[PDB]
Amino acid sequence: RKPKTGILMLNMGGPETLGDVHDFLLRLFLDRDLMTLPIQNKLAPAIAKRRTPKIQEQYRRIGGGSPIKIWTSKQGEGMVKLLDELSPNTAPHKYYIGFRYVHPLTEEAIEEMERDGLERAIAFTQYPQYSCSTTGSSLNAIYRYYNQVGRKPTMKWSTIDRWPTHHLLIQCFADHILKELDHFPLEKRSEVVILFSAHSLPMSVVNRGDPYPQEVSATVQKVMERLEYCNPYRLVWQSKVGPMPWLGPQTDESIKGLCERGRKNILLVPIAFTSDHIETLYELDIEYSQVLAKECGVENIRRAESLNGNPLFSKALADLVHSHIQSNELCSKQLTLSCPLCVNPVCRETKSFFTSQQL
């Protein structure tokens, strides 16, 4: 039976092999929803070529590529299997991967969905917390695709554009934290400090009204409530690049600082992505946990497992899609308010693209 409902899973993606690194960086530096540069068509390929060796070396250090596509596929398969049973009236469901910067690209996915002759398409961001740099850019890509192709969609669109507090997402995080706490020496368990770590944003983005830091904070509070405040925590921010101001405190500085202050038993929790990727596998596991932590005299540093293949996680995904379908919503109320200092003309067009959909 040919698919009726398509679920477009949106994420930035990551290079699957070392050879994919250059083009990943090229698309990233070309993305005007992420950043603007002078002579950008000329300077993007230059930054790409320059930064490829360094990024290739990071991927080499974790086994030679990003597991993002593997994990997304596994999650998508599990989601669809559940959706066919939850929602027989919208079945068969099919998932499509729409990566922003690697194949399959958002635009390739839309093309395939349109060729597949779907009745309905759901833009399902894989970032639980909304940033204009992440979910916003992916949704802008969908608007721009139709705008540049010069045709209206042949399917009904809607979006699940954020889900920072979904009950089953919270349960998955709390489960993975509890199981990692079990791996500390018993005598250190109550002394463990939890560092929730989410990718940082430049202050220029924070200061224009980006919703992300507040939503990430909300996920943290729900997880800690579920854990009954069993250990103390901070929310800290990783992987700032370059010399400009970004939102801190930095995850690396925090680890060092805790160690210097006698807090030598630390649990890292990636709170803003749902699968392993370069920043858990390289940055947290290698750079912070193996190198820095050792230099600083840590006693025990561990990282909670990414959600990856947890069946409760694909259950959260299917629950979200099913509730979205049942509610008839086209997007969250939050999407209807652009950043107070948004200077990107496309964000309003994208918002309208979703709110104006037939149905």
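For every residue, the number given is its place in the sequence shown, counted from 1.
137 to 145 versus 216 to 224 - greater average Cα B-factor per the deposited record = Mean CA B-factor is higher for 137 to 145.
With reference to the PDB entry, specify whether the mean Cα temperature factor is higher for 227 to 235 or for 270 to 278.
-> Result: 270 to 278.
Would you mind checking which of 113, 177, 123, 195 has the top Cα temperature factor in the PDB entry?
-> 113 has the highest C-alpha B-factor of those listed.
For the listed 67, 38, 309, 64, which has the peak Cα B-factor recorded in the PDB entry?
-> Highest CA B-factor of the listed options: 38.
Ranked against its chain, the third holding the CA B-factor of residue 117 = Its C-alpha B-factor belongs to the highest third of this chain's values.
In terms of the chain's CA B-factor thirds, is residue 32 lowest, middle or highest?
-> For residue 32, whose C-alpha B-factor we compare with every modelled residue in the chain, the answer is the highest third.
Please rank the C-alpha B-factors of the chain's modelled residues and tell me whether residue 90 sits in the lowest, middle or highest third.
-> Highest third of the chain for residue 90's C-alpha B-factor.
Comparing residue 162 with the other modelled residues of its chain, is its CA B-factor in the lowest, middle or highest third?
-> Tercile = lowest for this residue's CA B-factor.
Which third, lowest, middle or highest, does the CA B-factor of residue 96 fall in along this chain?
-> Answer is middle: the recorded C-alpha B-factor places it there.
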